[PDB]
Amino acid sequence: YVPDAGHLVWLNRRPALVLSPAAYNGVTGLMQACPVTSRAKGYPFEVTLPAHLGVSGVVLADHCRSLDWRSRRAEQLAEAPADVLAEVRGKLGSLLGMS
């Protein structure tokens, strides 16, 4: 298994949303991903996951980071809807100064 963009994965264990694509993730052993938490507080960079997706909570878009997914034994859980992936990218892009 190689994580792909939009995948929701288990990682060493907690869920995460993968933003970088498999063509990068497979060659490097790294990925860019945002963590998922059940502690939704309504703070500005949370993105809500729809119900019955296979994993619950919010994506913390501002906590995106590069990480080694092989050592953390990434395991696919689901695929994020396109609107969730687009909202995460919009919030993170603004945070990173990308307009």
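Quick note: we count residues from 1 along the sequence shown, nothing fancier. Here the rigid core means the biggest group of C-alpha atoms that line up within 1.5 Å when the two forms are laid on top of each other.
A.B. asks: If the other structures are each fit on the rigid core, which stretch ends up farther away in C-alpha terms in 4 other deposited structures of this protein, 12 to 20 or 85 to 93?
C.D. replies: After the core superposition, the stretch with higher RMS deviation in 4 other deposited structures of this protein is 12 to 20.
A.B. asks: Name the stretch, 60 to 68 or 35 to 43, whose C-alpha atoms sit farther from the shown form on average in 4 other deposited structures of this protein, taking the rigid core as the superposition reference.
C.D. replies: Stretch with the higher C-alpha RMS distance in 4 other deposited structures of this protein: 35 to 43.
A.B. asks: Using only C-alpha atoms and the B-factors in the entry, which stretch averages higher, 34 to 42 or 69 to 77?
C.D. replies: The recorded data point to 69 to 77.
A.B. asks: Comparing 59 to 67 with 43 to 51, where is the mean C-alpha B-factor higher?
C.D. replies: If you average the C-alpha B-factors of 59 to 67 and of 43 to 51, the larger mean comes out for 43 to 51.
A.B. asks: Would you mind checking which of 82, 88, 17, 22 has the top Cα temperature factor in the PDB entry?
C.D. replies: Highest CA B-factor of the listed options: 82.
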